Amino acid sequence: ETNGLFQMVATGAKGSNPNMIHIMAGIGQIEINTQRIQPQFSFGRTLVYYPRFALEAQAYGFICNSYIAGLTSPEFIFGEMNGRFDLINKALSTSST
Amino acid sequence: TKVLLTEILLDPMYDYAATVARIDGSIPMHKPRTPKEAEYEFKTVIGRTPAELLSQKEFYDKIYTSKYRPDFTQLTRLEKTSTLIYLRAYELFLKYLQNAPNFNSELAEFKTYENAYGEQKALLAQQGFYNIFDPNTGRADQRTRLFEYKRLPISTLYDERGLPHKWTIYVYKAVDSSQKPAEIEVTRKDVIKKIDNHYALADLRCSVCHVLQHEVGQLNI
Amino acid sequence: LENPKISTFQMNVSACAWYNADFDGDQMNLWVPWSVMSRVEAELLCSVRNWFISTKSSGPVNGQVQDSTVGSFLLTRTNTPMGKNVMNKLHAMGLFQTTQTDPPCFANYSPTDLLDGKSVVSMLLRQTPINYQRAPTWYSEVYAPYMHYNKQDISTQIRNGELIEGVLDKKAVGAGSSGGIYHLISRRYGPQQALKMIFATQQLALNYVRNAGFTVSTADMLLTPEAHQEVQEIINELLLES
Amino acid sequence: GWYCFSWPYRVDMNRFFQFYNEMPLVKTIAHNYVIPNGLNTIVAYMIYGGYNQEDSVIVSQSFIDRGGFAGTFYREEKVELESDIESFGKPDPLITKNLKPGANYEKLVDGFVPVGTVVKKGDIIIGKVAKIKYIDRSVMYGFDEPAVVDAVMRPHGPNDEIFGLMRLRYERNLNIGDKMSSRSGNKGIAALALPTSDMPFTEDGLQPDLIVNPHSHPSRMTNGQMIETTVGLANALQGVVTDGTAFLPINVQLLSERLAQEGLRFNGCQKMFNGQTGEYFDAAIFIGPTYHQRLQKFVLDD
Amino acid sequence: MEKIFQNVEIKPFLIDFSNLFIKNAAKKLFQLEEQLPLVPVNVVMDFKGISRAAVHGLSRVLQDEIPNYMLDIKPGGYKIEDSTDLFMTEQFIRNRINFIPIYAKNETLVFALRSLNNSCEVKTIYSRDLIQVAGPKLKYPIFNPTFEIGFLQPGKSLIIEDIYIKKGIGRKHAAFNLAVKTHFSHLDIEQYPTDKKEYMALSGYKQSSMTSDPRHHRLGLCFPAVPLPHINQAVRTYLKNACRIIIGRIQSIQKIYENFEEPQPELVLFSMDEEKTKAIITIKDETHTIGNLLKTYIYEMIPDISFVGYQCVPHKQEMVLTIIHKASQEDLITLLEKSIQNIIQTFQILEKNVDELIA
Amino acid sequence: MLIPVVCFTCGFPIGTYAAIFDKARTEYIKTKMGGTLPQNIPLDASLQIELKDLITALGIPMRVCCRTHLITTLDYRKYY
Amino acid sequence: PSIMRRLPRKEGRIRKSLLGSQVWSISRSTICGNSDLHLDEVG
Ligand SMILES: [Mg+2]
Ligand SMILES: [Zn+2]
Ligand SMILES: [Zn+2]
């Protein structure tokens, strides 16, 4: 009845349900081309922060935190990997079209 | 004369020497408004007239030299402390242009002096800083609301028969005790058709093992 | 614009849908036809009422965007956090003092009479009476378990321009909404009549919010301590499955 | 901002010197090494008349008048001569051929417009005649906004040949169409400027410098801007400047309880009144100091 | 005898010399141990039996619609030949000087600023360096001497002549603003405790603004520069001036209403039906103050009116008041004249009470 | 380049107390800075420097805008 | 420089001069929002 963030989303003025979830609850798995984070840092490591052949989901782009709570350094790097694609594809949506 | 005056009026050295001359009253505080004023300022600053300048081949030997010669040996840390820095900086600049002996050591000495002076000036430029302290501790607050991993019991995902939970049944309890019936169990489709503002969502129920979510710890792990 | 300190091309926010434009620094071209032949062609062929219905998608292009969408919801909402969503005669008259249409008649109203938001909206839709019955964007089966919907808000019905019940939001008044209020007004009264009603309903919504208020704060995005623990438990169950 | 500390000694092109700059109330470690550029504008996150939609923003006209984001904009005019063919001087109509039609040659003094005069479109700023009797190779001020001649010199080029250097200044206040931004990347165009009595105000008299749409948040998810307002709101009342550097430990729950410790509400929202009608809104409004920065994209130049 | 507003509270803003840092800084900056000649004054007023249109119009007029004075530089006053400082530009110094709050008696005073920096350190130019060069000699200062006008690099100068007193309203330029808002509330509407987390999203009043009609208000405004020994004389004057201003503007519309037989561009009359009359009053450069006052009092006079509205459009610089009523043209004009007379009487009573309350 | 003459937001005469407020600040900071070098003061992580009572003793009200612009405004004399 | 080099590309004769045009009597400016204008009006 009073929350302005919910009313903007629920009425259709602006935003979606995953936007509220990302802000308030958690971002979840970062997917690029329908895949997790590929091991690109030297054969089995995704970043310098995780070991080789790491099994935990955090090592492959699972962001456990929300935006209100703040992201750790590895979560911000995986978030920048996903957000760089948006900027690249926006530039390509002009020339390729 | 005119081309030489136009050449030298664009020299930063000329502006610096003219400023030093204005400080101690050797030239008027206003820019020259007449050719006579410009000639006088040039003679005072450069030390010779334009005609006697090109006559010969010296240029830096007679550029203004400040009148008050303060004691820069109190720049050894020991109005003042800012007049000294300015005048000694101009004097050392003039010494640099003249390739004076022992210039390189005096430059480092004055560099240390002015580094201390810049330390003072950085103290003057401070606007304050604050750290929110955790009352339990006595230093910067490290309390966060970040995610903390914790291995939950396996019964939070499976029942005593090895099947996963399906939290698709919503259990609603009457807010007021006189309301009848006390509880209603509905799925998402029938929430709008059977539940009004007289009820509150109490818990979710599993549609397989029929357990309340808060009563999932009663399962034998 | 007679003000000599304005250098911008200004337009209504509902006109931005024609150009895929916004106000982050977009620049637009403008030329005025000086030839008689081009002036005739401009107003008979190229007027923006001719592109109210999309050539690409065969649906309306314009509607409410972001402020008359949530503003229309607030105006037509049944209950305010302070009781019934009603307003006295003076404040009902104040919603129409900007629409630039012919003011309605409030003569059969005492100063202490209370008018709800659907009566004020109906006073504007009587000019272009259409028929509409769809569920609003407000009602989502996703939100239904965890929030109490008012049964008068989840069924939007308009009969000959009378808003019988329901709220107005993106489904009814939003830009690009096929079968919406302005799509139906266009099909019966013309695309120029639809553009006039988009403006008029936008002024009702904006004049309502200018007394009701609308904001977003940091606390709107903050979970309770109990809800944060429940979110952590859910994520721990995801990592348990992983 | 202060684009250079030695700006008066320079003749640069398209350079803006903003007079007033502020340290953010919520600053970062980056401000130990660079000078901050911007102001701690009070921002209300509300719908006000529909003039703040789609990246639009409502600015206080009084904030503009007092020098908020105001500064001076500079342009240069470098004109070279040919060796002994061309020269600087006032052309005379009797013996000079192809003077510019409808151009003002009366502001020239010894070939250059003197420092301190206002030059408008169609004025000759540098007089230049080539001898064949003379061809008018003059330079006209072709800009729709007037300038003031700030500095004139005749320096010597690499080939020891005189060329004319002119600096023109523009008193640039914030105006409709100019672009501002927050440090979270939310950029907007100044759409409407309201007087003091037309801006909304709280019960305690606080009014915003900017009114930004709440609809700029939910899709953009610039949450660091909302936390900054919450933290800076308590910073101003407490009289402090805190650090908001990325990856430092924060707790929005504890930062919100810090507001109630200082006498405000938990959410930082206040009772507000409409400045035009004098009536209160039914919802409390989130208003507080948010560091905003003017982007050097001027509507007068575009 | 209608006592519309009572219980005025006047309180200056003073320097607390008990604080040792402030005391020492003031002493070794300005040799200052007493209060400044001009102090800000907070005035809180309680109005009863009056609509919020009138009280808010009074507030708006006191903010930025009352004639006020500032210091400005006449063209050519900034001496380019004499001002050798490269950082104190005319735009910067002019903006600083425009916003020094003055309490002037006449527009004849002319000041000058002649600063020389014969030292090796940067020299700050304060307001105590503004010397008066024309007008009768001041017996009391018109501005405080503690304003940092500027600063000069070593060896630089700043000469500014022809600094004069200029008149205007703050609606055009903010340097003519007079009062800043410090408080506004309604005393006849109950309020929730908004520190509670179930009320903090609401304004606090227990009645919606769409329905409420308060008649008892508290308004607090701060005046930025008032002489210490004459505070009560200044505040009273200010208040009275505001009332006159409103009355004058209202009287302007009374000149239109009594020329409705004569064709007039500011008043259009329609006979929509044989019984319904429409009036449209378009006034240039008018604001929400007069429009809201007119709408409120016309509504009070004609409770069963068909329509009344006061659209003030920002890009048109116009107030357009539309009135639709079921009377004839003569009856409508008589009712409108009665409404205007009610406004005039209300603000005359406000002047009377201002005189009665402030000693 | 200086603390503004009036508050940018509301127009309260902030500047008449600016100079005093500046110098008092330095003294107050000289009381709390400790052994940390001046340029590292915004990095100490143990400082709690509150100017609330000083600005109150100046007579400036408890307005958010006025104290914001008084506290945060950069002085060009301190950087050049 | 050659005669046929003027033709081919986007900056060439056909695309820059023939399929497009520099024109007179035209204005450009930054756009801004205004809720008092009708949808078929431009300020
Ligand atoms: Mg854009
Ligand atoms: Zn189960
Ligand atoms: Zn203020």
# chains A, B, ... in the order shown; residues from 1 in each chain; ligands from 1

$ select_by_dssp --residues "region 228-298 of chain D" --states "helix (DSSP H, G or I)" --output "PyMOL selection string"
chain D and resi 228-238+252-261

$ residues_near_ligand --ligand "ligand 2" --cutoff "12 Å" --atoms "only C-alpha atoms and all ligand atoms" --output "list in words"
residues 154, 155, 156, 157, 158, 159, 160, 161, 162, 163, 164, 165, 166, 167, 168, 169, 204, 205, 206, 207, 208, 209, 210, 211, 212, 213, 215, 216 and 219 of chain B

$ write_last_selection --atoms "C-alpha atoms" --output "PDB file, in the first residue's frame"
ATOM      1  CA  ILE B 154      19.822 -32.370   4.205  1.00  0.00           C
ATOM      2  CA  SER B 155      16.256 -32.649   5.539  1.00  0.00           C
ATOM      3  CA  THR B 156      15.672 -29.071   4.336  1.00  0.00           C
ATOM      4  CA  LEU B 157      15.597 -30.460   0.776  1.00  0.00           C
ATOM      5  CA  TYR B 158      14.461 -34.093   1.149  1.00  0.00           C
ATOM      6  CA  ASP B 159      12.029 -36.033   3.314  1.00  0.00           C
ATOM      7  CA  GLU B 160      12.465 -39.308   5.215  1.00  0.00           C
ATOM      8  CA  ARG B 161      11.618 -41.131   1.956  1.00  0.00           C
ATOM      9  CA  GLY B 162      14.280 -39.454  -0.187  1.00  0.00           C
ATOM     10  CA  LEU B 163      11.935 -37.176  -2.116  1.00  0.00           C
ATOM     11  CA  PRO B 164      12.416 -33.426  -2.629  1.00  0.00           C
ATOM     12  CA  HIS B 165      10.055 -30.938  -1.032  1.00  0.00           C
ATOM     13  CA  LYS B 166       7.465 -29.036  -3.080  1.00  0.00           C
ATOM     14  CA  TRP B 167       6.509 -25.889  -1.151  1.00  0.00           C
ATOM     15  CA  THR B 168       3.344 -25.252  -3.152  1.00  0.00           C
ATOM     16  CA  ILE B 169       0.699 -25.285  -0.381  1.00  0.00           C
ATOM     17  CA  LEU B 204       4.270 -23.218   3.541  1.00  0.00           C
ATOM     18  CA  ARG B 205       3.376 -26.900   3.375  1.00  0.00           C
ATOM     19  CA  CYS B 206       5.030 -29.597   1.300  1.00  0.00           C
ATOM     20  CA  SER B 207       2.736 -31.222  -1.258  1.00  0.00           C
ATOM     21  CA  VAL B 208       4.599 -34.566  -1.095  1.00  0.00           C
ATOM     22  CA  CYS B 209       5.404 -35.389   2.546  1.00  0.00           C
ATOM     23  CA  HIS B 210       2.872 -32.876   3.968  1.00  0.00           C
ATOM     24  CA  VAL B 211       5.177 -31.128   6.432  1.00  0.00           C
ATOM     25  CA  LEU B 212       5.213 -27.501   7.478  1.00  0.00           C
ATOM     26  CA  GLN B 213       8.434 -25.740   6.551  1.00  0.00           C
ATOM     27  CA  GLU B 215       8.490 -28.203  11.265  1.00  0.00           C
ATOM     28  CA  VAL B 216      11.122 -29.598   8.884  1.00  0.00           C
ATOM     29  CA  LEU B 219      12.554 -35.041  10.368  1.00  0.00           C
TER      30      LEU B 219
END

$ residues_near_ligand --ligand "ligand 1" --cutoff "12 Å" --atoms "only C-alpha atoms and all ligand atoms" --output "ChimeraX atom specification"
/C:16,19-28 /D:54-56,179,186-189 /G:30-32

$ residues_near_ligand --ligand "ligand 3" --cutoff "7 Å" --atoms "only C-alpha atoms and all ligand atoms" --output "list in words"
residues 7, 8, 9, 10, 11, 12, 63, 64, 65 and 66 of chain F

$ atom_distance --atom1 "CA of residue 104 (chain C)" --atom2 "CA of residue 92 (chain C)"
10.2 Å

$ atom_distance --atom1 "CA of residue 54 (chain C)" --atom2 "CA of residue 199 (chain C)"
18.8 Å

$ interface_residues --of "chain G" --to "chain D" --cutoff "12 Å" --atoms "only C-alpha atoms" --output "ChimeraX atom specification"
/G:27-37

$ write_last_selection --atoms "N, CA, C and O atoms" --output "PDB file, in the first residue's frame"
ATOM      1  N   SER G  27      16.573  23.023 -37.957  1.00  0.00           N
ATOM      2  CA  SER G  27      17.100  23.315 -36.635  1.00  0.00           C
ATOM      3  C   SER G  27      17.313  22.022 -35.862  1.00  0.00           C
ATOM      4  O   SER G  27      16.665  21.006 -36.116  1.00  0.00           O
ATOM      5  N   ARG G  28      18.246  22.072 -34.916  1.00  0.00           N
ATOM      6  CA  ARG G  28      18.565  20.937 -34.060  1.00  0.00           C
ATOM      7  C   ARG G  28      18.789  21.436 -32.642  1.00  0.00           C
ATOM      8  O   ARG G  28      19.388  22.495 -32.448  1.00  0.00           O
ATOM      9  N   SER G  29      18.310  20.677 -31.660  1.00  0.00           N
ATOM     10  CA  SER G  29      18.526  21.032 -30.266  1.00  0.00           C
ATOM     11  C   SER G  29      18.303  19.804 -29.399  1.00  0.00           C
ATOM     12  O   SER G  29      17.727  18.806 -29.837  1.00  0.00           O
ATOM     13  N   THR G  30      18.782  19.893 -28.162  1.00  0.00           N
ATOM     14  CA  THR G  30      18.514  18.867 -27.164  1.00  0.00           C
ATOM     15  C   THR G  30      17.035  18.868 -26.810  1.00  0.00           C
ATOM     16  O   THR G  30      16.407  19.923 -26.713  1.00  0.00           O
ATOM     17  N   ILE G  31      16.471  17.678 -26.625  1.00  0.00           N
ATOM     18  CA  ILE G  31      15.053  17.572 -26.308  1.00  0.00           C
ATOM     19  C   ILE G  31      14.854  17.548 -24.802  1.00  0.00           C
ATOM     20  O   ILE G  31      15.744  17.151 -24.044  1.00  0.00           O
ATOM     21  N   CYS G  32      13.675  17.971 -24.367  1.00  0.00           N
ATOM     22  CA  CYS G  32      13.358  18.149 -22.961  1.00  0.00           C
ATOM     23  C   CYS G  32      11.896  17.790 -22.762  1.00  0.00           C
ATOM     24  O   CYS G  32      11.111  17.811 -23.711  1.00  0.00           O
ATOM     25  N   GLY G  33      11.543  17.441 -21.531  1.00  0.00           N
ATOM     26  CA  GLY G  33      10.184  17.044 -21.219  1.00  0.00           C
ATOM     27  C   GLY G  33       9.321  18.235 -20.839  1.00  0.00           C
ATOM     28  O   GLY G  33       9.787  19.188 -20.222  1.00  0.00           O
ATOM     29  N   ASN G  34       8.050  18.160 -21.217  1.00  0.00           N
ATOM     30  CA  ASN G  34       7.086  19.207 -20.900  1.00  0.00           C
ATOM     31  C   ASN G  34       5.705  18.577 -20.879  1.00  0.00           C
ATOM     32  O   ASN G  34       5.194  18.164 -21.922  1.00  0.00           O
ATOM     33  N   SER G  35       5.108  18.498 -19.694  1.00  0.00           N
ATOM     34  CA  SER G  35       3.831  17.826 -19.514  1.00  0.00           C
ATOM     35  C   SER G  35       2.636  18.717 -19.823  1.00  0.00           C
ATOM     36  O   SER G  35       1.504  18.229 -19.809  1.00  0.00           O
ATOM     37  N   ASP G  36       2.855  19.997 -20.100  1.00  0.00           N
ATOM     38  CA  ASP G  36       1.782  20.897 -20.496  1.00  0.00           C
ATOM     39  C   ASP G  36       1.544  20.911 -21.996  1.00  0.00           C
ATOM     40  O   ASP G  36       0.568  21.520 -22.446  1.00  0.00           O
ATOM     41  N   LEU G  37       2.407  20.270 -22.773  1.00  0.00           N
ATOM     42  CA  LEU G  37       2.224  20.199 -24.212  1.00  0.00           C
ATOM     43  C   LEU G  37       1.391  18.983 -24.576  1.00  0.00           C
ATOM     44  O   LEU G  37       1.490  17.932 -23.941  1.00  0.00           O
TER      45      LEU G  37
END

$ interface_residues --of "chain C" --to "chain D" --cutoff "7 Å" --atoms "only C-alpha atoms" --output "MDAnalysis selection string"
chainID C and resid 6:8 22:25 66:67 206 210:219

$ write_last_selection --atoms "C-alpha atoms" --output "compact mmCIF listing (two decimals), in the first residue's frame"
# COMPACT_ATOMS: atom_id res chain seq x y z
CA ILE C 6 15.12 28.15 -23.23
CA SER C 7 17.09 26.49 -26.03
CA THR C 8 15.52 23.01 -26.00
CA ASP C 22 14.35 10.02 -23.87
CA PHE C 23 15.75 13.03 -22.04
CA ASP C 24 19.30 11.93 -21.20
CA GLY C 25 20.80 14.17 -23.88
CA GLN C 66 5.96 6.05 -15.59
CA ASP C 67 3.96 8.80 -13.90
CA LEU C 206 -0.36 14.03 -12.46
CA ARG C 210 0.70 16.35 -6.80
CA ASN C 211 -1.47 15.99 -3.70
CA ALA C 212 -1.00 12.29 -2.90
CA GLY C 213 2.77 12.20 -3.32
CA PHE C 214 5.06 9.43 -4.54
CA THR C 215 8.63 8.64 -3.54
CA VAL C 216 11.25 5.92 -3.33
CA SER C 217 13.67 5.59 -0.41
CA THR C 218 16.51 3.33 0.70
CA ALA C 219 14.20 1.69 3.26

$ residues_around --residues "residue 109 (chain D)" --least-positions-apart "2" --cutoff "10 Å" --atoms "only C-alpha atoms" --output "NGL selection string"
:D and (89-90 or 105-107 or 111-114 or 125-127)

$ write_last_selection --atoms "N, CA, C and O atoms" --output "PDB file, in the first residue's frame"
ATOM      1  N   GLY D  89      44.944  45.098 -38.897  1.00  0.00           N
ATOM      2  CA  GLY D  89      44.542  46.489 -38.873  1.00  0.00           C
ATOM      3  C   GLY D  89      43.095  46.627 -39.280  1.00  0.00           C
ATOM      4  O   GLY D  89      42.486  45.709 -39.834  1.00  0.00           O
ATOM      5  N   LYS D  90      42.553  47.801 -38.997  1.00  0.00           N
ATOM      6  CA  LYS D  90      41.166  48.074 -39.345  1.00  0.00           C
ATOM      7  C   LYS D  90      41.047  48.322 -40.844  1.00  0.00           C
ATOM      8  O   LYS D  90      41.707  49.224 -41.372  1.00  0.00           O
ATOM      9  N   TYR D 105      32.640  46.551 -38.176  1.00  0.00           N
ATOM     10  CA  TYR D 105      34.078  46.774 -38.099  1.00  0.00           C
ATOM     11  C   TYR D 105      34.446  47.875 -37.114  1.00  0.00           C
ATOM     12  O   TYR D 105      35.624  48.229 -37.007  1.00  0.00           O
ATOM     13  N   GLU D 106      33.474  48.423 -36.390  1.00  0.00           N
ATOM     14  CA  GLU D 106      33.721  49.590 -35.554  1.00  0.00           C
ATOM     15  C   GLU D 106      34.262  49.253 -34.173  1.00  0.00           C
ATOM     16  O   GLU D 106      34.717  50.161 -33.469  1.00  0.00           O
ATOM     17  N   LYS D 107      34.226  47.986 -33.763  1.00  0.00           N
ATOM     18  CA  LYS D 107      34.770  47.609 -32.465  1.00  0.00           C
ATOM     19  C   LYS D 107      36.274  47.373 -32.491  1.00  0.00           C
ATOM     20  O   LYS D 107      36.879  47.242 -31.424  1.00  0.00           O
ATOM     21  N   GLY D 111      43.309  46.701 -35.089  1.00  0.00           N
ATOM     22  CA  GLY D 111      43.124  45.396 -35.677  1.00  0.00           C
ATOM     23  C   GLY D 111      42.492  44.366 -34.766  1.00  0.00           C
ATOM     24  O   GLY D 111      42.022  43.334 -35.256  1.00  0.00           O
ATOM     25  N   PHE D 112      42.463  44.616 -33.461  1.00  0.00           N
ATOM     26  CA  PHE D 112      41.923  43.672 -32.494  1.00  0.00           C
ATOM     27  C   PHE D 112      40.873  44.357 -31.636  1.00  0.00           C
ATOM     28  O   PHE D 112      41.041  45.513 -31.239  1.00  0.00           O
ATOM     29  N   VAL D 113      39.794  43.641 -31.357  1.00  0.00           N
ATOM     30  CA  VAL D 113      38.791  44.154 -30.418  1.00  0.00           C
ATOM     31  C   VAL D 113      39.401  44.206 -29.021  1.00  0.00           C
ATOM     32  O   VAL D 113      39.971  43.202 -28.562  1.00  0.00           O
ATOM     33  N   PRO D 114      39.319  45.332 -28.319  1.00  0.00           N
ATOM     34  CA  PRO D 114      40.003  45.450 -27.027  1.00  0.00           C
ATOM     35  C   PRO D 114      39.411  44.528 -25.973  1.00  0.00           C
ATOM     36  O   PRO D 114      38.270  44.073 -26.064  1.00  0.00           O
ATOM     37  N   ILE D 125      36.240  40.596 -35.015  1.00  0.00           N
ATOM     38  CA  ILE D 125      37.028  40.534 -33.790  1.00  0.00           C
ATOM     39  C   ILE D 125      38.502  40.729 -34.108  1.00  0.00           C
ATOM     40  O   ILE D 125      39.270  41.205 -33.265  1.00  0.00           O
ATOM     41  N   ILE D 126      38.912  40.368 -35.321  1.00  0.00           N
ATOM     42  CA  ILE D 126      40.293  40.542 -35.758  1.00  0.00           C
ATOM     43  C   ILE D 126      40.280  41.135 -37.160  1.00  0.00           C
ATOM     44  O   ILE D 126      39.707  40.545 -38.081  1.00  0.00           O
ATOM     45  N   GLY D 127      40.911  42.298 -37.324  1.00  0.00           N
ATOM     46  CA  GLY D 127      40.985  42.948 -38.618  1.00  0.00           C
ATOM     47  C   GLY D 127      42.226  42.513 -39.368  1.00  0.00           C
ATOM     48  O   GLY D 127      43.335  42.557 -38.829  1.00  0.00           O
TER      49      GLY D 127
END

$ residues_around --residues "residue 164 (chain D)" --least-positions-apart "5" --cutoff "6 Å" --atoms "only C-alpha atoms" --output "JSON, numbers by chain"
{"D": [78, 79, 154]}

$ interface_residues --of "chain B" --to "chain D" --cutoff "10 Å" --atoms "only C-alpha atoms" --output "PDB file with C-alpha atoms, in the first residue's frame"
ATOM      1  CA  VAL B   3      59.265  43.204 -31.398  1.00  0.00           C
ATOM      2  CA  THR B   6      56.339  41.711 -27.523  1.00  0.00           C
ATOM      3  CA  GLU B   7      58.772  38.787 -27.248  1.00  0.00           C
ATOM      4  CA  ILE B   8      59.632  39.415 -23.587  1.00  0.00           C
ATOM      5  CA  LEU B   9      56.141  40.405 -22.382  1.00  0.00           C
ATOM      6  CA  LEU B  10      55.086  36.803 -23.120  1.00  0.00           C
ATOM      7  CA  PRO B  12      56.633  33.919 -17.580  1.00  0.00           C
ATOM      8  CA  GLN B 127      37.867  19.378   6.357  1.00  0.00           C
ATOM      9  CA  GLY B 128      37.496  16.539   8.867  1.00  0.00           C
ATOM     10  CA  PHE B 129      36.831  12.820   8.748  1.00  0.00           C
ATOM     11  CA  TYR B 130      34.566  10.486  10.694  1.00  0.00           C
ATOM     12  CA  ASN B 131      34.338   6.732  11.222  1.00  0.00           C
ATOM     13  CA  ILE B 132      31.163   5.055  12.433  1.00  0.00           C
ATOM     14  CA  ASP B 134      30.707  -0.418  16.353  1.00  0.00           C
ATOM     15  CA  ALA B 140      35.496   1.135  12.530  1.00  0.00           C
ATOM     16  CA  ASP B 141      32.251  -0.795  12.152  1.00  0.00           C
ATOM     17  CA  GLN B 142      32.755  -4.174  10.468  1.00  0.00           C
ATOM     18  CA  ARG B 143      29.131  -5.289  10.822  1.00  0.00           C
ATOM     19  CA  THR B 144      27.622  -6.223   7.461  1.00  0.00           C
ATOM     20  CA  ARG B 145      24.534  -7.962   6.129  1.00  0.00           C
ATOM     21  CA  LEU B 146      26.488 -10.090   3.649  1.00  0.00           C
TER      22      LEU B 146
END

$ closest_residue --among "D:69, D:247, D:19, D:143" --to "chain A" --atoms "only C-alpha atoms"
D:247

$ atom_distance --atom1 "CA of residue 350 (chain E)" --atom2 "CA of residue 286 (chain E)"
22.2 Å
